[PDB]
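**Student:** Right, I'll just put the structure down here and ask away after.
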Amino acid sequence: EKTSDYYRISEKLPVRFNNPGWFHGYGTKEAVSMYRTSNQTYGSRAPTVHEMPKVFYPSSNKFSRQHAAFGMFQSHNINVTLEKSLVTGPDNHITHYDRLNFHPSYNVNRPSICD
Amino acid sequence: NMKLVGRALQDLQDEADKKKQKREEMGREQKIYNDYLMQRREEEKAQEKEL
Amino acid sequence: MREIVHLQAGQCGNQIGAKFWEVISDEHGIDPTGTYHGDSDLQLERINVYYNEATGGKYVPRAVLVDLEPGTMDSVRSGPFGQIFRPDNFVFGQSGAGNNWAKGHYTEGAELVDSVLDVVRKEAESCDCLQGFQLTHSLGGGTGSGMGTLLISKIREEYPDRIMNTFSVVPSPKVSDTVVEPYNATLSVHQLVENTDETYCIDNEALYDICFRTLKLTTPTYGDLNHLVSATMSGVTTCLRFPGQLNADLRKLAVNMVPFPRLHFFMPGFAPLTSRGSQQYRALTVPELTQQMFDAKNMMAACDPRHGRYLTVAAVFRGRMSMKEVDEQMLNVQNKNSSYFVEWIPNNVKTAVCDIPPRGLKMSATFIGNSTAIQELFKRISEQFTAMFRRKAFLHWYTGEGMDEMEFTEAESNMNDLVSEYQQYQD
Amino acid sequence: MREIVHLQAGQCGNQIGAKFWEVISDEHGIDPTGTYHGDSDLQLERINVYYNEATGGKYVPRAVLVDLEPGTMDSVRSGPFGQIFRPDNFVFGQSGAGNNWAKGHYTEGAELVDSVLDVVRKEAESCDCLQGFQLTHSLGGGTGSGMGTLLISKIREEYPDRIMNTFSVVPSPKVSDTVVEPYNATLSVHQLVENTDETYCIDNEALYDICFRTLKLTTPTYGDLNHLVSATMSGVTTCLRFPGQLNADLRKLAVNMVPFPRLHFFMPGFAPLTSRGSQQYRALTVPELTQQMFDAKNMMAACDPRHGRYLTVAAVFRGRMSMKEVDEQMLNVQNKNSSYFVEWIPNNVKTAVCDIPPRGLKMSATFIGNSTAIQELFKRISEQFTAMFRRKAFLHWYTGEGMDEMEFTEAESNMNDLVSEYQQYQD
Amino acid sequence: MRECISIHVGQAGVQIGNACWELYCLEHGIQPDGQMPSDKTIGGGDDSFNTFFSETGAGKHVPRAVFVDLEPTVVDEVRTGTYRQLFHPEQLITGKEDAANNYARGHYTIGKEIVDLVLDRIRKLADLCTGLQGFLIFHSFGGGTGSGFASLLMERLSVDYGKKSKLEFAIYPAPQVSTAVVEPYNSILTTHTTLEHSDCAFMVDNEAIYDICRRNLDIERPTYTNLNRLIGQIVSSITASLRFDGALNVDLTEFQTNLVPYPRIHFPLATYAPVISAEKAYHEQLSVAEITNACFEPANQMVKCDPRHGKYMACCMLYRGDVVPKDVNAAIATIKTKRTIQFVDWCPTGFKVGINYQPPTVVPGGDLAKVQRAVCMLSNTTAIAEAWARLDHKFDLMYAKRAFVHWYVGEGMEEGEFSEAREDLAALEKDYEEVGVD
Ligand SMILES: Nc1nc2c(ncn2[C@@H]2O[C@H](COP(=O)(O)OP(=O)(O)OP(=O)(O)O)[C@@H](O)[C@H]2O)c(=O)[nH]1
Ligand SMILES: Nc1nc2c(ncn2[C@@H]2O[C@H](COP(=O)(O)OP(=O)(O)OP(=O)(O)O)[C@@H](O)[C@H]2O)c(=O)[nH]1
Ligand SMILES: Nc1nc2c(ncn2[C@@H]2O[C@H](COP(=O)(O)OP(=O)(O)OP(=O)(O)O)[C@@H](O)[C@H]2O)c(=O)[nH]1
């Protein structure tokens with residue numbers, strides 16, 4: 001009555017298809033009378049352990065809706081930004097403009113901007 | 001070089017257990033489902049008679 | 001510093017980028033959870049080229065995932081590394097594709113183009129300065145081509161100074177599954193050659209052939225196919241993130257690679273591919289790998305360039321090598337087939353040596369080629385396009401969307417122009 | 001350095017090559033697994049003439065196995081040294097030869113010549129600089145003749161600067177088993193004499209008699225016969241691989257052996273063959289070996305040149321000898337029968353001495369002969385050809401393949417030219 | 001998300017529906033109560049059932065289908081059957097009067113006062129649905145109640161909902177068996193009304209279904225149970241893409257886009273390859289190659305058309321189970337090299353591949369085989385015009401001698417609508433050879 005006993009399994013199958021003994025609402029194999037309508041043959045037998053599917057792979061969508069909930073992201077934000085420099089030095093900071101923005105080293109003879 | 005060969009050798013040594021093992025249950029699952037069907041076949045034949 | 005932003009587009013790129021990304025983290029040694037186990041200093045040093053820093057030492061992939069079908073995205077999110085991908089980076093729509101190009105190009109794109117522009121520019125501002133961006137999509141893929149054509153058109157104007165790397169797969173020449181693919185291919189390539197700078201051309205048939213050739217496993221997964229192409233895209237990126245005397249910048253490559261503007265179609269090439277008995281047998285040396293590097297069978301992109309000639313060739317070498325072996329190897333192949341190159345340019349070979357080996361092997365190499373082997377590709381689709389357009393079949397859907405015959409005219413007219421140009425330069 | 005690559009062709013060469021390779025594997029002391037056990041430095045130093053180096057100290061056989069029937073390849077693969085043979089070098093066809101010369105020469109060969117050339121040129125690129133090549137096959141062997149005639153022709157224009165060594169066995173003169181054999185041989189020999197430079201002549205009937213003469217063991221296996229011919233073929237190759245004051249190059253030999261272009265057919269000769277009690281009844285001395293090497297029964301190639309005369313003779317001596325005895329041995333045989341030589345050339349004897357004895361016996365030798373004993377060989381087939389071409393028996397197969405009787409005309413005409421050539425020069 | 005609504009008009013169309021969810025409840029393991037065992041699958045109506053059932057916070061899997069009928073007989077014992085508790089009472093839309101096989105009677109006399117209630121159902125089904133890709137219509141051309149009543153509703157659901165798919169399925173009338181001679185009348189009465197509105201119509205024929213039964217299934221005395229279990233698997237296979245995933249997954253819209261070449265003609269042919277007895281698959285082997293050769297064997301199709309008398313346009317193979325592209329792409333490549341298979345020169349490609357790794361399962365107490373590799377073959381060819389050619393000569397005789405007309409005109413109708421359809425049919429054939437002629 002245990003599916004994994006008779007066959008191998010994917011080890012993630014729901015306990016429904018691992019335990020087929022819980023399908024109690026199916027036909028009770030009543031003794032057939034002279035008045036046996038053909039239409040009642042539909043779903044008249046409960047499945048056995050062998051009818052259970054080997055593998056199971058649902059189309060899970062939990063993350064989707066919990067992400068697809070509400071609206072979808074859109075930039076009404078203030079377009080704040082800082083233009084960076086063309087140098088990696090945490091001290092020098094020069095861009096396409098303002099190229100004279102750096103630490104001036106220490107000259108000994110000619111003072112600042114001699115020319 | 002030897003470690004590379006050692007890594008090279010062990011990988012080849014593998015993947016053979018994978019091939020061989022799959023074959024047996026293929027035979028097993030075949031045979032198990034085979035026996036079910038004769039049991040199934042005698043069932044309907046049994047069912048026919050009291051009908 | 002200079003970095004790259006990735007775009008995961010189309011339902012194929014959804015597999016592509018996923019396998020592409022997991023290779024990177026495993027190469028760098030980040031666990032599936034994300035808490036990097038510090039083991040190599042250099043990969044710790046040059047990880048901000050692609051990832052940013054989160055709290056607690058997790059490294060956020062700076063990529064954007066775009067689609068329409070939740071189930072594929074749910075599978076991606078449930079993948080081995082969906083947790084390391086951001087919900088902030090998952091963009092999509094409520095509609096189903098039908099993989100109509102026009103729907104995703106004019107109708108479906110219209111309400112998502114704004115949002116995808118929003119996420120990229122923020123992430124563009126989240127980072128400092130780029131080399132450019134790379135895109136995973138397909139030319140014949142319904143939604144990926146549709147979405148990409150808009151972005152590459154839109155990404156071009158505001159940032160016309162960066163690299164518009166693209167990674168598209170050519171569908172199988174024998175059969176494209178869907179009949180509308182040649183319409184999608186012909187429509188796409190018009191703006192592609194207009195907007196792009198670099199394109200990788202990939203075909204699945206050669207992937208099946210190389211499976212028969214060296215993989216020899218009969219039945220691999222398409223993810224195993226992704227495992228191969230991602231390794232190729234891994235190698236081209238190893239240059240930038242890894243040290244060693246090889247000039248890594250793609251522009252350092254591209255200026256060396258493209259002689260004239262309309263040349264964007266390039267083919268990959270990869271190094272040791274090994275079969276069952278040969279792993280314990282291959283006497284791995286520079287000569288044998290270079291031979292295997294330049295093998296017509298080692299080709300995987302479109303077809304054999306044996307039919308045509310070689311315009312530009314560039315191979316990157318990963319592992320512990322020296323500047324000399326590649327030198328005489330170049331001379332050996334220089335004299336091996338001197339005539340099979342074009343007399344227009346001699347010494348069209350560009351060699352780069354990545355000193356750090358990969359994880360699993362030491363001597364590996366990637367090759368990028370621009371030969372005269374794309375003619376067979378687009379002449380085929382030319383007869384497909386002309387024949388299917390000979391009687392405008394399957395065209396009623398596009399007219400309802402708002403399409404007419406006219407765009408097909410200049411598209412093939414633009415397509416015919418590049419056909420003649422390819423023969424004109426070489427032949 | 002100068003090396004040699006081997007070709008294993010025809011279903012007989014399938015038995016021949018393995019035994020010959022197993023002879024080489026054991027003579028140099030390599031285990032069946034391949035891990036060479038270093039015991040002799042000279043064989044350790046000089047294995048690169050035939051084997052390259054794979055990792056783990058294993059010496060790869062640099063040969064190609066080619067056939068159409070997989071079971072033969074399966075058998076040699078399942079052999080004691082098949083693990084030393086290569087699935088890389090296992091090239092085979094999806095076709096049954098039918099042992100038809102034309103099928104394997106025009107139909108089956110067409111789709112097989114492409115791949116085998118790739119392997120050998122890859123093998124040619126694998127090594128540095130050849131002495132040339134050697135081929136094991138049969139002139140009467142249909143799959144061997146069909147492919148071999150094709151391959152020798154192609155390798156002529158490819159490498160016209162090397163040695164085209166051929167090892168073919170002549171079918172039994174009394175019965176050829178296959179009845180279309182003279183058709184097959186006449187076809188093949190026409191291309192063989194055109195493309196070759198050296199050939200060995202081998203006949204199994206002579207080999208059968210030798211067992212009745214000296215082996216005396218009644219019932220051997222064909223593999224035992226392969227040991228005999230391999231020992232001869234190995235013996236002529238010992239001079240290259242081993243040190244000692246003797247000139248080894250086949251070019252050293254061939255120019256000394258070839259006075260005129262049409263001489264390609266040569267007969268071998270071997271040294272002491274010993275019977276039941278004679279192993280301990282023989283005092284091993286050069287004079288008695290000088291006797292037995294020049295014995296009318298000791299020959300094994302075709303038949304007795306007693307009916308004719310000798311053109312050129314060359315004997316290589318393997319063991320601890322001196323030039324003085326072979327010199328006085330040379331004088332003794334010179335005066336023993338001075339008339340039986342041809343007055344055209346005096347001193348047509350060329351001697352080499354290998355100082356390295358074989359493993360198992362100390363003083364040995366090998367002989368290669370060029371005499372007037374082939375006339376009866378191709379006379380025989382001439383009446384066979386004329387008798388069967390008298391009414392064109394078994395021809396509808398060849399006509400259906402796309403062949404005509406015209407090819408047979410210049411075929412036999414070329415042999416008739418060779419018949420006079422051998423006849424005219426000596427007679 | 002990925003859901004659709006099934007509509008079942010005609011007491012002919014109701015047993016065939018009845019089998020579907022019986023089958024559907026099987027792979028889902030649904031108890032007739034509508035509840036699962038003590039384990040956890042309940043919620044807001046959301047798991048594998050969500051695409052088909054509505055197991056809402058009430059915890060009962062509510063099928064997303066409406067069963068409409070005009071005779072209360074058959075709809076009542078099913079309301080006393082096994083899964084009647086699962087079935088919604090007034091989604092089981094019943095009727096008290098029949099159409100007397102009259103297409104117009106079921107389209108004018110009573111359909112007016114019933115559709116509005118059904119229109120209440122469709123909006124109440126539409127609002128709860130989220131993705132609602134389209135509809136699943138099960139009917140019959142020669143319907144005593146299927147023909148007339150469906151024609152009105154499909155017109156009415158078209159005018160308000162013209163932006164979503166409508167998938168039509170009907171038993172095609174038996175080419176040489178006629179249970180009614182008014183069956184020809186209402187048939188092209190349906191088609192001419194439905195040609196300009198129907199999205200995709202799929203037709204099957206019962207005679208060849210029986211032919212398969214004693215050919216390879218080896219059943220000389222099958223029943224509707226076998227008939228419906230057969231077709232029930234067919235719709236199950238095409239819905240497995242919704243139910244499971246695969247190497248690639250394809251939705252109904254792609255089938256719409258890629259199967260129909262041009263407007264009007266939207267009538268492909270289905271087929272399912274591993275039709276075989278349990279004892280035959282027992283000691284034999286199944287692989288892509290033989291099921292590919294069999295699926296293109298002409299005698300395995302349920303429509304009495306000779307493909308050698310027609311030419312192929314589209315083909316959709318839906319390989320369900322453990323398969324790999326390698327042999328599949330190679331096997332189909334061999335098919336393209338085949339010469340008997342004559343596609344039109346217009347389409348170089350016509351092959352729509354759908355891979356689903358899930359092996360199709362057996363039905364309890366059933367008669368099918370145990371299959372790991374199964375494929376459904378949606379194809380369209382030009383060998384179909386003979387059926388309408390078989391139709392038109394039937395009419396031109398009967399219409400000329402205008403039999404049974406007093407019945408139709410007596411209840412208020414005229415011959416112009418009978419006159420319009422014949423050239424509409426005549427237009428339908430003439431369109432076929434023009435697209436048939438290259
Ligand atoms: N992910 C994935 N894509 C594949 C595979 N095999 C082929 N493809 C192709 O990759 C293409 C690109 O994917 P997308 O651009 O996302 O496709 P799409 O726009 O949604 O429309 P379709 O092409 O119809 O799927 C598809 O057209 C497929 O034909 C596969 O195994 N996995
Ligand atoms: N291997 C092997 N070959 C033999 C033996 N005896 C004679 N032969 C001959 O060696 C010849 C050469 O073999 P192949 O060239 O491979 O022959 P083939 O092309 O396959 O066709 P056939 O010559 O008709 O057998 C054959 O024709 C045989 O007749 C033997 O004992 N072993
Ligand atoms: N779909 C279906 N068709 C059936 C079934 N049994 C027989 N048939 C065939 O399908 C046709 C049924 O059409 P109709 O009889 O007009 O069905 P209806 O319009 O729902 O109303 P009724 O005439 O009362 O049955 C018959 O002519 C039969 O040939 C069945 O169970 N289902």
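Chain lettering (A, B, ...) mirrors the order of the structure tokens, residue numbering begins at 1 for each chain separately, and ligand numbering begins at 1 in order of display.
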Just the residues within 10 Å of segment 55-58 of chain D, please, counting only C-alpha atoms, with nothing from its chain fewer than 5 positions along; format it as an mmCIF file with N, CA and C atoms, in the first residue's frame.

**Tutor:**
```cif
data_model
loop_
_atom_site.group_PDB
_atom_site.id
_atom_site.type_symbol
_atom_site.label_atom_id
_atom_site.label_comp_id
_atom_site.auth_asym_id
_atom_site.auth_seq_id
_atom_site.Cartn_x
_atom_site.Cartn_y
_atom_site.Cartn_z
ATOM 1 N N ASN B 1 51.541 17.835 -12.572
ATOM 2 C CA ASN B 1 50.992 16.982 -13.623
ATOM 3 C C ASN B 1 50.230 15.795 -13.049
ATOM 4 N N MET B 2 50.790 15.154 -12.021
ATOM 5 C CA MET B 2 50.185 13.936 -11.487
ATOM 6 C C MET B 2 48.803 14.211 -10.905
ATOM 7 N N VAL B 5 46.407 14.402 -13.709
ATOM 8 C CA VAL B 5 46.104 13.035 -14.123
ATOM 9 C C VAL B 5 45.204 12.371 -13.092
ATOM 10 N N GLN C 280 42.783 10.658 -19.946
ATOM 11 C CA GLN C 280 43.987 10.032 -19.419
ATOM 12 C C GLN C 280 45.051 9.862 -20.492
ATOM 13 N N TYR C 281 44.727 10.210 -21.734
ATOM 14 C CA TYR C 281 45.586 9.987 -22.888
ATOM 15 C C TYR C 281 46.159 11.257 -23.503
ATOM 16 N N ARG C 282 45.445 12.376 -23.448
ATOM 17 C CA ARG C 282 45.875 13.607 -24.100
ATOM 18 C C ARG C 282 47.166 14.112 -23.474
ATOM 19 N N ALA C 283 48.217 14.190 -24.287
ATOM 20 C CA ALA C 283 49.480 14.795 -23.868
ATOM 21 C C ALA C 283 49.316 16.291 -24.078
ATOM 22 N N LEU C 284 48.723 16.945 -23.086
ATOM 23 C CA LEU C 284 48.323 18.344 -23.211
ATOM 24 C C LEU C 284 49.565 19.215 -23.353
ATOM 25 N N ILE D 30 57.639 -2.670 -22.667
ATOM 26 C CA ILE D 30 56.481 -1.934 -22.174
ATOM 27 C C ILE D 30 55.383 -2.923 -21.808
ATOM 28 N N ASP D 31 54.766 -2.713 -20.650
ATOM 29 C CA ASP D 31 53.697 -3.577 -20.189
ATOM 30 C C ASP D 31 52.461 -3.410 -21.069
ATOM 31 N N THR D 33 49.633 -2.585 -20.140
ATOM 32 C CA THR D 33 48.915 -1.391 -19.711
ATOM 33 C C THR D 33 49.488 -0.141 -20.369
ATOM 34 N N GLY D 34 50.788 -0.139 -20.650
ATOM 35 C CA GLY D 34 51.456 0.969 -21.308
ATOM 36 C C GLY D 34 52.512 1.656 -20.472
ATOM 37 N N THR D 35 52.532 1.429 -19.162
ATOM 38 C CA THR D 35 53.508 2.066 -18.280
ATOM 39 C C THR D 35 54.867 1.418 -18.499
ATOM 40 N N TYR D 36 55.697 2.047 -19.330
ATOM 41 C CA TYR D 36 57.008 1.492 -19.641
ATOM 42 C C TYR D 36 57.827 1.311 -18.371
ATOM 43 N N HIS D 37 58.501 0.171 -18.276
ATOM 44 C CA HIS D 37 59.351 -0.153 -17.136
ATOM 45 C C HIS D 37 60.793 0.016 -17.601
ATOM 46 N N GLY D 38 61.413 1.116 -17.181
ATOM 47 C CA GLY D 38 62.745 1.463 -17.632
ATOM 48 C C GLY D 38 63.791 0.416 -17.319
ATOM 49 N N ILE D 84 46.451 -0.395 -25.915
ATOM 50 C CA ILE D 84 47.512 0.473 -26.421
ATOM 51 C C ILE D 84 47.177 1.028 -27.796
#
```

**Student:** Could you name the residues that touch segment 211-213 of chain D at 12 Å or less, counting only C-alpha atoms, but leaving out those on the same chain fewer than 3 positions away, as an MDAnalysis selection string?

**Tutor:** chainID D and resid 204:208 216:222 224:225 228 273:276 296:300

**Student:** For those residues, write N, CA and C atoms to a file as an mmCIF file, in the first residue's frame.

**Tutor:**
```cif
data_model
loop_
_atom_site.group_PDB
_atom_site.id
_atom_site.type_symbol
_atom_site.label_atom_id
_atom_site.label_comp_id
_atom_site.auth_asym_id
_atom_site.auth_seq_id
_atom_site.Cartn_x
_atom_site.Cartn_y
_atom_site.Cartn_z
ATOM 1 N N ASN D 204 52.601 -17.180 -48.356
ATOM 2 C CA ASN D 204 52.337 -18.047 -47.212
ATOM 3 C C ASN D 204 52.749 -19.492 -47.471
ATOM 4 N N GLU D 205 52.714 -19.943 -48.729
ATOM 5 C CA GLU D 205 53.112 -21.318 -49.023
ATOM 6 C C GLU D 205 54.552 -21.575 -48.606
ATOM 7 N N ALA D 206 55.453 -20.644 -48.919
ATOM 8 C CA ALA D 206 56.824 -20.761 -48.438
ATOM 9 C C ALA D 206 56.863 -20.746 -46.917
ATOM 10 N N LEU D 207 56.067 -19.872 -46.298
ATOM 11 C CA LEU D 207 55.973 -19.853 -44.844
ATOM 12 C C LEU D 207 55.427 -21.171 -44.310
ATOM 13 N N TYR D 208 54.462 -21.764 -45.017
ATOM 14 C CA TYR D 208 53.947 -23.068 -44.611
ATOM 15 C C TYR D 208 55.042 -24.125 -44.635
ATOM 16 N N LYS D 216 58.609 -27.408 -37.453
ATOM 17 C CA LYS D 216 58.371 -28.834 -37.243
ATOM 18 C C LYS D 216 57.316 -29.092 -36.172
ATOM 19 N N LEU D 217 56.468 -28.099 -35.906
ATOM 20 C CA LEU D 217 55.449 -28.202 -34.869
ATOM 21 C C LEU D 217 54.079 -28.528 -35.449
ATOM 22 N N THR D 218 54.033 -28.959 -36.712
ATOM 23 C CA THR D 218 52.818 -29.434 -37.367
ATOM 24 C C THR D 218 51.757 -28.347 -37.482
ATOM 25 N N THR D 219 51.145 -27.970 -36.360
ATOM 26 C CA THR D 219 49.966 -27.110 -36.386
ATOM 27 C C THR D 219 50.245 -25.775 -35.710
ATOM 28 N N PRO D 220 50.641 -24.743 -36.455
ATOM 29 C CA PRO D 220 50.735 -23.402 -35.869
ATOM 30 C C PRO D 220 49.469 -22.590 -36.082
ATOM 31 N N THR D 221 49.436 -21.388 -35.520
ATOM 32 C CA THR D 221 48.387 -20.420 -35.793
ATOM 33 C C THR D 221 48.899 -19.410 -36.808
ATOM 34 N N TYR D 222 47.965 -18.748 -37.494
ATOM 35 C CA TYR D 222 48.365 -17.677 -38.397
ATOM 36 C C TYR D 222 49.085 -16.573 -37.637
ATOM 37 N N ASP D 224 51.190 -17.094 -35.261
ATOM 38 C CA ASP D 224 52.578 -17.542 -35.244
ATOM 39 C C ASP D 224 53.286 -17.147 -36.531
ATOM 40 N N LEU D 225 52.594 -17.274 -37.664
ATOM 41 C CA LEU D 225 53.162 -16.824 -38.929
ATOM 42 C C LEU D 225 53.384 -15.318 -38.913
ATOM 43 N N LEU D 228 56.603 -14.561 -37.341
ATOM 44 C CA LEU D 228 57.729 -14.761 -38.246
ATOM 45 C C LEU D 228 57.971 -13.528 -39.107
ATOM 46 N N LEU D 273 67.070 -20.195 -38.066
ATOM 47 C CA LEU D 273 65.840 -20.895 -37.739
ATOM 48 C C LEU D 273 66.225 -22.281 -37.248
ATOM 49 N N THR D 274 65.789 -22.626 -36.043
ATOM 50 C CA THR D 274 66.342 -23.763 -35.329
ATOM 51 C C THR D 274 65.227 -24.726 -34.946
ATOM 52 N N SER D 275 65.539 -26.018 -34.992
ATOM 53 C CA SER D 275 64.568 -27.077 -34.769
ATOM 54 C C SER D 275 64.821 -27.754 -33.423
ATOM 55 N N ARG D 276 64.034 -28.796 -33.151
ATOM 56 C CA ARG D 276 63.856 -29.404 -31.835
ATOM 57 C C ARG D 276 65.145 -29.599 -31.045
ATOM 58 N N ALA D 296 68.854 -22.384 -50.006
ATOM 59 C CA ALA D 296 67.710 -22.418 -50.909
ATOM 60 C C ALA D 296 66.411 -22.693 -50.162
ATOM 61 N N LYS D 297 66.492 -23.336 -48.996
ATOM 62 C CA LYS D 297 65.287 -23.610 -48.222
ATOM 63 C C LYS D 297 64.970 -22.480 -47.252
ATOM 64 N N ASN D 298 65.988 -21.744 -46.799
ATOM 65 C CA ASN D 298 65.787 -20.696 -45.805
ATOM 66 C C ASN D 298 64.981 -19.520 -46.335
ATOM 67 N N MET D 299 64.914 -19.343 -47.651
ATOM 68 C CA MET D 299 64.124 -18.263 -48.220
ATOM 69 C C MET D 299 62.642 -18.482 -47.952
ATOM 70 N N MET D 300 61.889 -17.381 -47.913
ATOM 71 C CA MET D 300 60.483 -17.429 -47.541
ATOM 72 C C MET D 300 59.598 -16.541 -48.408
#
```

**Student:** Separation of atom CA of residue 50 of chain D and atom CA of residue 77 of chain D, in Å?

**Tutor:** 20.0 Å

**Student:** Please tabulate, as a Markdown table, the residues of chain E that come within 10 Å of ligand 3, each with its closest pair of atoms and the distance in Å to one decimal, counting only C-alpha atoms and all ligand atoms and ordering rows by chain, then residue number upward.

**Tutor:**
```
| residue | atom | partner | partner_atom_place_in_ligand_line | distance |
| --- | --- | --- | --- | --- |
| E:8 | CA | ligand 3 | 20 (O) | 9.5 |
| E:9 | CA | ligand 3 | 20 (O) | 6.8 |
| E:10 | CA | ligand 3 | 20 (O) | 3.1 |
| E:11 | CA | ligand 3 | 20 (O) | 3.5 |
| E:12 | CA | ligand 3 | 2 (C) | 3.5 |
| E:13 | CA | ligand 3 | 1 (N) | 4.3 |
| E:14 | CA | ligand 3 | 32 (N) | 6.7 |
| E:15 | CA | ligand 3 | 31 (O) | 5.3 |
| E:16 | CA | ligand 3 | 32 (N) | 5.8 |
| E:17 | CA | ligand 3 | 1 (N) | 8.8 |
| E:18 | CA | ligand 3 | 31 (O) | 9.8 |
| E:68 | CA | ligand 3 | 20 (O) | 9.2 |
| E:69 | CA | ligand 3 | 20 (O) | 6.7 |
| E:70 | CA | ligand 3 | 21 (O) | 7.3 |
| E:71 | CA | ligand 3 | 24 (O) | 6.5 |
| E:72 | CA | ligand 3 | 24 (O) | 9.7 |
| E:73 | CA | ligand 3 | 24 (O) | 9.2 |
| E:74 | CA | ligand 3 | 24 (O) | 9.0 |
| E:97 | CA | ligand 3 | 24 (O) | 9.8 |
| E:98 | CA | ligand 3 | 24 (O) | 6.9 |
| E:99 | CA | ligand 3 | 19 (O) | 7.4 |
| E:100 | CA | ligand 3 | 23 (O) | 7.1 |
| E:101 | CA | ligand 3 | 16 (O) | 5.5 |
| E:102 | CA | ligand 3 | 16 (O) | 8.8 |
| E:103 | CA | ligand 3 | 19 (O) | 9.0 |
| E:106 | CA | ligand 3 | 19 (O) | 8.9 |
| E:138 | CA | ligand 3 | 1 (N) | 8.0 |
| E:139 | CA | ligand 3 | 1 (N) | 6.7 |
| E:140 | CA | ligand 3 | 1 (N) | 6.0 |
| E:141 | CA | ligand 3 | 13 (O) | 7.7 |
| E:142 | CA | ligand 3 | 13 (O) | 5.2 |
| E:143 | CA | ligand 3 | 16 (O) | 2.9 |
| E:144 | CA | ligand 3 | 16 (O) | 2.2 |
| E:145 | CA | ligand 3 | 19 (O) | 2.5 |
| E:146 | CA | ligand 3 | 19 (O) | 4.0 |
| E:147 | CA | ligand 3 | 19 (O) | 6.2 |
| E:148 | CA | ligand 3 | 19 (O) | 7.8 |
| E:149 | CA | ligand 3 | 19 (O) | 8.3 |
| E:150 | CA | ligand 3 | 19 (O) | 9.6 |
| E:169 | CA | ligand 3 | 1 (N) | 9.8 |
| E:170 | CA | ligand 3 | 1 (N) | 7.3 |
| E:171 | CA | ligand 3 | 1 (N) | 6.2 |
| E:172 | CA | ligand 3 | 10 (O) | 8.9 |
| E:173 | CA | ligand 3 | 29 (O) | 7.5 |
| E:174 | CA | ligand 3 | 29 (O) | 7.7 |
| E:177 | CA | ligand 3 | 29 (O) | 8.4 |
| E:178 | CA | ligand 3 | 27 (O) | 7.4 |
| E:179 | CA | ligand 3 | 27 (O) | 5.3 |
| E:180 | CA | ligand 3 | 27 (O) | 6.7 |
| E:182 | CA | ligand 3 | 16 (O) | 9.7 |
| E:183 | CA | ligand 3 | 27 (O) | 7.7 |
| E:186 | CA | ligand 3 | 16 (O) | 9.6 |
| E:205 | CA | ligand 3 | 9 (C) | 9.6 |
| E:206 | CA | ligand 3 | 9 (C) | 8.1 |
| E:207 | CA | ligand 3 | 29 (O) | 10.0 |
| E:223 | CA | ligand 3 | 31 (O) | 9.6 |
| E:224 | CA | ligand 3 | 31 (O) | 6.3 |
| E:225 | CA | ligand 3 | 31 (O) | 8.9 |
| E:227 | CA | ligand 3 | 31 (O) | 8.7 |
| E:228 | CA | ligand 3 | 31 (O) | 7.9 |
```

**Student:** Check which residues fall inside 6 Å of ligand 2 when counting only C-alpha atoms and all ligand atoms, and print them as a PyMOL selection string.

**Tutor:** chain D and resi 10-12+15+99+137-138+140-145+222

**Student:** Find the residues near residue 56 of chain A: any atom within 9 Å, counting only C-alpha atoms, skip ones fewer than 3 places away on the same chain, and give them as a VMD selection string.

**Tutor:** (chain A and resid 10 12 to 14 53) or (chain E and resid 244 358)

**Student:** Which residues are near residue 40 of chain B? Cut-off 12 Å, only C-alpha atoms, ignore same chain within fewer than 4 positions. Put them as a list in words.

**Tutor:**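 In the requested form, the answer reads residues 47, 48, 50 and 51 of chain A; 33, 34, 35, 36, 44, 45, 46 and 47 of chain B; 278, 279, 364, 365, 366 and 367 of chain E.
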